[PDB]
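As a plain string of letters, each chain reads:
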Amino acid sequence: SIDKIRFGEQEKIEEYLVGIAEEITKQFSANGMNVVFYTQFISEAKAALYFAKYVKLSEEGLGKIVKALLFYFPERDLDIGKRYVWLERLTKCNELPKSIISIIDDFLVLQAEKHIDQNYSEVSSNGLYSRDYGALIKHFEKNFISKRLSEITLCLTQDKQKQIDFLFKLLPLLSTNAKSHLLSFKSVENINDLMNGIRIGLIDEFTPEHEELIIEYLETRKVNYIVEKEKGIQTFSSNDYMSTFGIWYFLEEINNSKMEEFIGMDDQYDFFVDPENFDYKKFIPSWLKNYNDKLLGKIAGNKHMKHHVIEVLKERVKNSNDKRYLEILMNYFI
Amino acid sequence: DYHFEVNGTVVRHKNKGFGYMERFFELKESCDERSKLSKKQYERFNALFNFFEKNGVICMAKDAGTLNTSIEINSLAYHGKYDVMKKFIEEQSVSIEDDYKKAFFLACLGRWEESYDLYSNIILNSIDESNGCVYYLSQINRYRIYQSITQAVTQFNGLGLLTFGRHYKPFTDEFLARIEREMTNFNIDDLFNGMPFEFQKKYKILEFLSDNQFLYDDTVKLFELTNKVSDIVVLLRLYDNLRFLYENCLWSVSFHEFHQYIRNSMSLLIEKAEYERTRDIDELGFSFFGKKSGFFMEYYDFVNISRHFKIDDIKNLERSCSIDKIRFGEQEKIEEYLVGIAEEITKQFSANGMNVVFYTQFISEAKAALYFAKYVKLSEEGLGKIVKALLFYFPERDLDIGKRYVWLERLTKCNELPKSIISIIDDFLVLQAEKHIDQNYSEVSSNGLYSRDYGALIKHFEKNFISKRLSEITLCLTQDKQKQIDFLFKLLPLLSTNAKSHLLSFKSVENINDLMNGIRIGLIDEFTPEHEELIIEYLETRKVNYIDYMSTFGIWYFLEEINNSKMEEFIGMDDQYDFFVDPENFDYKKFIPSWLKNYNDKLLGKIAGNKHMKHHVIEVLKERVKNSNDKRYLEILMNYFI
Amino acid sequence: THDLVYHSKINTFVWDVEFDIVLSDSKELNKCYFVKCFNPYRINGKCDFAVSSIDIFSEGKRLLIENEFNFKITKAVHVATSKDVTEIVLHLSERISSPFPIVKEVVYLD
């Protein structure tokens, strides 16, 4: 519980972090990459800002650290998702002054200007993308409007695809006139648009058109899974939506019974659609660390789900070391 | 010039010259290239082939299809074949190498004086008229035996007199003076330099033995706990480091430097395997992908655990990881080794067995072996011999009666109790009874357990075992043998009905003090009304005092073996009493969690089975465990209250 | 006072310390000590509830019979290595609610 362990001499640690940030912002952006030095220094820098969650930082030090992390940190070692994770864990609750939000918005503006070309793909590992940066910006300042990105979307045409989709993914932080300008440019047609827009609040319900689209995607996934079964390839994409689809049936968000006809596609699908017939043998004791509040209580609200979840949780408590299972067990299931 | 990988093959490196090893390995397979070789040198190739197949170098890295190395130790000392080494020592030596292994075996049987003398003889007879390997080895072993003698004499005659009453002085004083005089300022660092210059070029690989610390492999062991998500390069090196020291008859296998990394390799390996498991379960599934832990103990693993680990180290092994998930391979070989240990123990005590250095060296491995025995399914005859040895021929100065009972309860976890084992325990109890006729004899235990637990275990495994021998001894009792009557009181269920009838008249029940004395020794099973009335007067006396055993009475009432109802009139005072007699009207604000720390499995089971207190107790436990890190409260909460 | 270690899963303080003993009956015992045995796997076939096999040594060899529960008090208690620790023993004897709050060498047979 390192977060509860006190830290001493915070000024010296701040100076150390500022020196590290200065070194990375000078060496890696002044044609001095120094591949000989790029073997042990980045390992120290990688482990530096990770362990900076538990140390309080001043406004200037925080600004320097965030700028060095977002802008000049090489993409070879840190991708977009890791950068977002580290920025999230570097700014605690109500610890985001205006300058840091401005720096994040400048990063988003640079990213948007980097997406003019259709060749750029913005690969990642954990799947977190710039939409998560927008969520972070909006979390600490809900009534935050943007001016640079609003200016960019006010000079946009419905001819390309990457820039419009990118700005739509970060629609909440756009002005009202900019929002009206962008919405007519791209509507919600495919399933990925629905997935992107369900987290930012344009659509509050699941009108039968969206359910029919989900069913069509499920049928396509069914034929593809049959093809793979003939081929014998277990393709589990990082950006699949089976868990996201099943996340709503358990909450009564989707009333279509047709989902019950796709039982057996993916373990989480059976877990969240038909708990009674689910085989509590393939249950991965790691999904339980990815549901914050709307699911843990709802999972504990079932007659035939606790009587199998509690055994898994007890086993994970007894011969492991993770402290998440302990508080999960004593917070919702007891 | 060549990296000889421990997995069996060899890989090239820094061979700036010709690739002699590659060409040799190529001709190892081609018969025509073998045939084209010259006649005078063909026998040399055959000798090289024999050596290279013995050392375990199979082939090159480009064709290393088969690499599983089956470790084989043929040393007599490793398997503890004492009967063989004694016969070999009695046999006269025909050569020097045979004399060398006779010296080493004499060193492992504790007869260090004879071993030192025979090493001196070898040194005299092999000054330099050889390749010098035997002369070098017998100089190092001589110094190591001298160090061991000095350490033993500074401890056995130094402080350990109470381990045998009076100083047994295993080494004669004149012999001690002689070895001190013959070994004044013996430079061991420079010994290798004193060898002929030809020797220092040929046997350069024997340099580490003349060093104060030579096994600096522990720095490599830090790779076993790296958390990057193999370990077989360490186990194979361990066997590589055991087939050298134990097969070349070297006296560096009993020191604390050797025992320290064996206790460190075998602990780190099992801990890391325990971490490979319980981490793949996180993202792969409990049983869909959790086939096995990964580690597989074998004969040469159990032998190391027996020989080098101590009891506290074994307990640390069990507390950290679940060894029960690690199957023990080669059950028959472990059974035979354990039977051999039992035979050695039986033969040691029955004979003179005054020789104490070997006793101390061997009792540790004997105890560790009979400790780890619980994980091996032992055969019926083997288990019978093991138990007989452990009960009738194990010295009491090392294993007390309580530890002895713990050892059997440990052995009976993984195996049943057929007629032979319960018969052996019955004979042991009979021996204890015959020893108890001496009124000046008392049991000494450092575990709290006593002879009562043996009868309790027998009754638990066999509900109707009536020891007719104990019944006859009870029948032949007299009044003056008070201690015998007390001991037979401790074993009441094992006596016959006529024996019980004759015994109960000797000591009746009285008031409450004797009542509880009988309850502790299990004199009464069903609470008779007379006992019940006696109880009330104690509580009625308590009311007068109020205007202890109260918790015991409350717990008995909660367990429904006390059926008195007028005691319901006597509530509203102690917290635990009201808790266990009237859960309906208890105000729970006075409950203390500490009570739950004194309750066995069955009491907590009965508590959890009752509706009126389950929620209150579980919420109390949750509140207590939220604000503290106590593992006992969580353990109670998860085992019984979920 | 550097040898006192508190144990958690059983409410006890382990301390190599000898205490004079005064009980309700006139029989009085000189400096002695207790030994507790936490065994939750003990054979409790009868109405046994305690997980601790608590017993007493008088002089390291004299184990006295339990008989009745003597109402013992710590009286003068000596660590036998540094100095008398009477207060240091009596002050943590309360708020424990477990018999024999201070013992020596808990065996911990699991």
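- This entry lists cryo-EM as its structure determination method and reports a resolution of 3.86 Å.

1. Describing the overall build of chain A
Right, so step 1: Regarding its fold elements, chain A presents 16 helices and zero strands.
Right, so step 2: With the principal axes as the frame, chain A shows a C-alpha extent of 60 × 55 × 45 Å.
Right, so step 3: For chain A, buried positions account for 43% of its 334 residues.
Right, so step 4: Separation of charge centres in chain A, based on 44 positive and 52 negative side chains, amounts to 5 Å.

2. Brief notes about the overall build of chain B
Right, so step 1: A count of helical and extended segments in chain B gives 31 helices and two strands.
Right, so step 2: Against the globule reference of 26 Å for 642 residues, chain B gives a C-alpha radius of gyration of 33 Å, more extended than a compact globule.
Right, so step 3: Its C-alpha atoms put chain B at 110 × 65 × 45 Å along the principal axes.

3. Points about the pattern of salt bridges
Residue and element names in this part refer to chain B.
Right, so step 1: Scanning all chains against the criterion turns up 42 salt bridges over all chains.
Right, so step 2: Its salt-bridge partner being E365, residue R307 comes within 3.3 Å of it at the nearest N-O pair. Of this pair, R307 sits in helix α14 (residues 299-308) while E365 sits in helix α17 (residues 356-372), placing them 58 residues apart in sequence. In this pair, the class of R307 matches that of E365, namely buried.
Right, so step 3: The partner of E318 in a salt bridge is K374, with the nearest N and O atoms 2.8 Å apart. In this pair, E318 sits in helix α15 (residues 311-320) while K374 sits in the loop between α17 and α18 (380-392), placing the two residues 56 residues apart along the sequence.
Right, so step 4: By relative accessible area, which is 12% here, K374 ends up buried.
Right, so step 5: Salt bridges sharing partners connect three or more residues here, namely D117, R142, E174, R178 and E182.

4. With respect to the interface of chain C and chain B
Right, so step 1: Contact residues are listed per partner, giving 32 residues for chain C and 38 residues for chain B.
Right, so step 2: Summed over both partners, the interface of chain C with chain B comes to about 3,100 Å²; 50% of that surface belongs to carbon and sulfur atoms.
Right, so step 3: Of all residues in chain C, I43, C47 and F49 of chain C bury the most surface against chain B, accounting for 22% of the area lost on that side.
Right, so step 4: Looking at the side of chain C that touches chain B, its residues break down into 18 nonpolar, six polar and eight charged.

5. Re empty space enclosed by the protein
Rolled over the atoms, a probe with the dimensions of a water molecule shows which regions are left empty.
Residue and element names in this part refer to chain B.
Right, so step 1: Estimates place the volume of the largest cavity at around 80 Å³.
Right, so step 2: What lines the largest cavity is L383, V387, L408, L411, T412, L417, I421, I425 and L457.
Right, so step 3: Those elements giving two or more residues to the lining of the largest cavity turn out to be α18, α19 (401-411) and α20 (419-435).
Right, so step 4: Partitioning the lining of the largest cavity into residue classes produces eight nonpolar, one polar and no charged.
Right, so step 5: If you trace the second largest cavity, you find it lined by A373, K374, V376, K377, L378, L383, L411, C414 and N415.
Right, so step 6: Partitioning the lining of the second largest cavity into residue classes produces six nonpolar, one polar and two charged.

6. Digging into the arrangement of the chains
Right, so step 1: In this assembly, two pairs of chains are in contact, and the pair with the greatest number of contacts comprises chains B and C.
Right, so step 2: Spatially, chain A is disjoint from chain C: no contact exists, and the shortest C-alpha separation is 16 Å.

7. A few points about unusual backbone geometry
Right, so step 1: A positive phi angle, close to 60°, is found at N34 of chain A, a residue other than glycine.
Right, so step 2: With respect to the secondary-structure elements, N34 of chain A resides in the loop between α1 (10-27) and α2 (41-50).
Right, so step 3: Although it is not a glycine, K75 of chain C sits at a positive phi angle of roughly 55°.
Right, so step 4: You can see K75 of chain C is positioned in the loop between β5 (55-57) and β6 (77-78).

8. A closer look at helix α4 (residues 80-90) of chain A
For an α-helix, the turn length of 3.6 residues means that residues three or four places apart are oriented alike.
Right, so step 1: A large share of α4 of chain A lies buried, amounting to eight of its 11 residues.
Right, so step 2: For α4 of chain A, the complete set of buried residues consists of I80, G81, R83, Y84, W86, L87, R89 and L90 of chain A.

9. Looking at the packing of aromatic side chains
All names here are of chain B.
Right, so step 1: Counted under the stated rule, the structure contains 88 aromatic pairs over all chains.
Right, so step 2: When the ring of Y143 is compared with that of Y146, the centres are 6.4 Å apart and the planes differ by 25°; the resulting orientation is stacked. Of the two residues, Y143 and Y146 are both situated in helix α7 (residues 133-153); the distance of three residues between them amounts to about one turn of the helix.
Right, so step 3: Each ring, one from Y371 and one from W407, has its centre 5.1 Å from the other, and the planes form 90°; the classification is edge-to-face. One end of the pair, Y371, is in helix α17; the other, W407, is in helix α19, and 36 residues separate them in sequence.
Right, so step 4: Among the aromatic residues, those joined into a cluster by ring pairs are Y78, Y246, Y299, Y300, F302, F328, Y337, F372 and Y375.
Right, so step 5: Against the face of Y78 rests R307, its NZ or CZ located 5.5 Å from the ring centre.
Right, so step 6: The side chain of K507 reaches across the aromatic face of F489, ending 5.9 Å from its centre.

10. Points about the interface of chain A and chain B
Right, so step 1: Taken together, the contact pairs 19 residues of chain A with 18 residues of chain B.
Right, so step 2: For the pair chain A and chain B, the summed buried surface comes to about 1,700 Å²; carbon and sulfur atoms form 60% of the total.
Right, so step 3: Summed over the three residues of chain A that lose the most area to chain B, namely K314, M330 and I334 of chain A, the buried surface amounts to 28% of that side.
Right, so step 4: Linking chain A with chain B are one salt bridge, by the criterion used here.
Right, so step 5: Close ionic contact of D282 of chain B with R316 of chain A constitutes a salt bridge, the shortest N to O distance being 2.6 Å.
Right, so step 6: Linking chain A with chain B are six residue pairs in polar contact, by the criterion used here.
Right, so step 7: Every element with two or more residues in the side of chain A that touches chain B is listed here: α15 (303-318) and α16 (324-331) of chain A.
Right, so step 8: Class assignment of the residues belonging to the side of chain A that touches chain B gives a composition of nine nonpolar, four polar and six charged.

11. Examining the side chain of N517 of chain B
Right, so step 1: Summarising the element assignment, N517 of chain B is placed in helix α25 (residues 513-520).
Right, so step 2: The class for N517 of chain B is buried, based on a relative accessible area of 12%.
Right, so step 3: Residues within four places of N517 of chain B in sequence aside, it is in contact with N67 and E68 of chain C.

12. A word on the pairing of strand β4 (residues 28-35) of chain C
Residue and element names in this part refer to chain C.
Right, so step 1: Inspection of the sheet shows strand β3 (residues 18-22) paired to β4 by three bridges, in the antiparallel sense. Bridging from a neighbouring strand, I21 pairs with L29 of β4.
Right, so step 2: The hairpin formed by β3 and β4 contains five residues between the paired strands.
Right, so step 3: Pairing geometry for β4 and β5, over three bridges, is antiparallel. Within β5, the residue paired with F34 across the bridge is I56.

13. Re the pairing of β3 of chain C
Right, so step 1: Of the strand pairs in this sheet, β3 of chain C and β6 of chain C are connected by two bridges, and their pairing is antiparallel. Opposite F19 of chain C, over in β6 of chain C, you have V77 of chain C as the bridge partner.

14. Digging into α16 of chain A
Right, so step 1: Residues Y325, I328, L329 and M330 of chain A constitute the buried set of α16 of chain A.
Right, so step 2: Looking at the buried positions of α16 of chain A, the neighbouring elements they touch are α14 (296-300) and α15 of chain A together with α13 (280-284) and α30 (611-626) of chain B.

15. Points about the sheet that holds strand β2 (residues 12-14) of chain C
All names here are of chain C.
Right, so step 1: What the three strands build is an open sheet, ordered β1-β2-β7; its pairing is mixed. Strand pairing shows two members of the sheet lacking a second neighbour, β1 (5-7) and β7 (102-103), which therefore form its edges.
Right, so step 2: The pairing of β2 with β7 spans two bridges and is parallel. Following the sheet pairing, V14 is matched in β7 by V103.

16. With respect to the packing of helix α6 (residues 112-125) of chain B against helix α8 (residues 173-182) of chain B
Residue and element names in this part refer to chain B.
Right, so step 1: Running from amino to carboxyl end, α6 crosses α8 at an angle of 40°, the nearest separation of the two axes being 12 Å. Here α6 runs over α8; the crossing is left-handed. Residues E113, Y116 and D117 of α6 form the contact with α8, whose own contacting residues are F175, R178, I179 and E182.

17. Comments concerning the sheet that holds β5 of chain C
Right, so step 1: Ordered by their spatial adjacency, four strands build an open sheet running β5-β4-β3-β6 (chain C), and the pairing between neighbours is antiparallel. Looking at strand neighbours, the two that pair on one side only are β5 and β6 of chain C, the edges of this open sheet.

Rules used in this analysis
- Residues numbered from 1 in each chain as written, not as in the entry; some residues may be left out.
- Chains lettered and ligands numbered in written order.
- Part of a larger assembly, values for the part shown.
- Heavy atoms only, no water.
- Residues with missing side-chain atoms left out of burial classes, pairs and counts.
- Helix = DSSP H or I, 4+ residues; strand = E, 2+ residues; numbered from the N terminus.
- Buried < 20%, exposed > 50% of the residue type's maximum accessible area, 1.4 Å probe, protein only.
- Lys, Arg positive; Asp, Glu negative; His and termini not counted.
- Charge placed at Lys NZ, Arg CZ, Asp CG, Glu CD.
- Rg over C-alpha atoms; globule rule 2.2 N^0.38 Å.
- Salt bridge = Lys/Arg side-chain N within 4 Å of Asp/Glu carboxyl O.
- Contact = heavy atoms within 4.5 Å.
- Buried area = accessible area lost by both parts, 1.4 Å probe.
- Nonpolar A, V, L, I, M, F, W, Y, C, P; charged D, E, K, R; others polar.
- 1 Å grid on protein atoms, 1.4 Å probe; cavity = no way out; pocket = protein on both sides within 12 Å on 5 of 7 lines; lining within 4 Å.
- Points joined across faces, edges and corners; volume = space filled by probe spheres on them.
- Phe/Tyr/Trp six-rings, centres within 6.5 Å; stacked < 30°, edge-to-face > 60°.
- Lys NZ or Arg CZ within 6 Å of the ring centre and 35° of its normal.
- Polar contact = N/O pair within 3.5 Å; in protein donor to acceptor, adjacent residues only side chain to side chain.
- Pairing = 2+ DSSP bridges.
- Axes fitted to C-alpha atoms, helices over the stretch in contact; angles between N-to-C directions.
- Left-handed = near helix turned anticlockwise from the far one by under 90°.

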